[PDB]
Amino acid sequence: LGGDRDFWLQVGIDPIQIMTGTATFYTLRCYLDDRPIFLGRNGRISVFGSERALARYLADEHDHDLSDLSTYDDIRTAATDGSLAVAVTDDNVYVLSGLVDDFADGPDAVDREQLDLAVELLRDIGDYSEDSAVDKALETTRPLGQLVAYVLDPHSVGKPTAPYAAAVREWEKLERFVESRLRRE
């Protein structure tokens, strides 16, 4: 543990990067029995403005939803040692910015891989906070969910027809939901 390669693989916890239109955040996320568990408490995710800030936080004794995990002692100890290397792999980069402007322009202005990752993070966040806001908004009977399902399936012909104001409104609601689930440090 520490500077060991595959450190994050072995501790089973992913550092993740989250880019909003105004900040880039760092936090930790894992899956315990297919439920997501973030670095945080009371369905609220602790976010840090740099990799060094996250490392500093992981050195101090705290009580949060990851602390009782078996490999978390490996994380804190490596944070005390100064061996902890916070690295985010490419599939753990979530970009939420710009989607609101791309939705308005219709599905063909929305990047598929970006949206795929952003939906993953959204559903993880609604899972961990035990809130159905994301799950309901993405039902395929609703404007956003229909637009999202179309963009994520290149084999789809039933194209949403303009304008897209309803999808934009539902997406703005989700952004506000996301902002309220983030605790800054």
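Residues carry their position along the shown sequence, with the first being 1.
Of the two stretches 72-80 and 87-95, which shows the higher Cα B-factor on average in the entry?
-> Per the PDB entry, the higher value belongs to 72-80.
On mean C-alpha B-factor from the PDB entry, just flag whether 119-127 or 57-65 is the higher one.
-> The entry gives the higher C-alpha B-factor average to 57-65.
Most elevated Cα B-factor in the entry, residues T27, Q146, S50, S156 | If I rank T27, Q146, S50, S156 by C-alpha B-factor, first place goes to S156.
Mind checking which third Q17 falls in for C-alpha B-factor across the chain?
-> CA B-factor rank for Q17: lowest third.
Modelled-residue ranking by C-alpha temperature factor, third containing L32 | Ranked within chain, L32 CA B lands in the highest tercile.
Chain thirds of CA B-factor: placement of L9 = Its C-alpha B-factor belongs to the lowest third of this chain's values.
Position of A162 among the chain's modelled residues by C-alpha B-factor, lowest, middle or highest third = It belongs to the highest third of the chain when residues are ordered by C-alpha B-factor.
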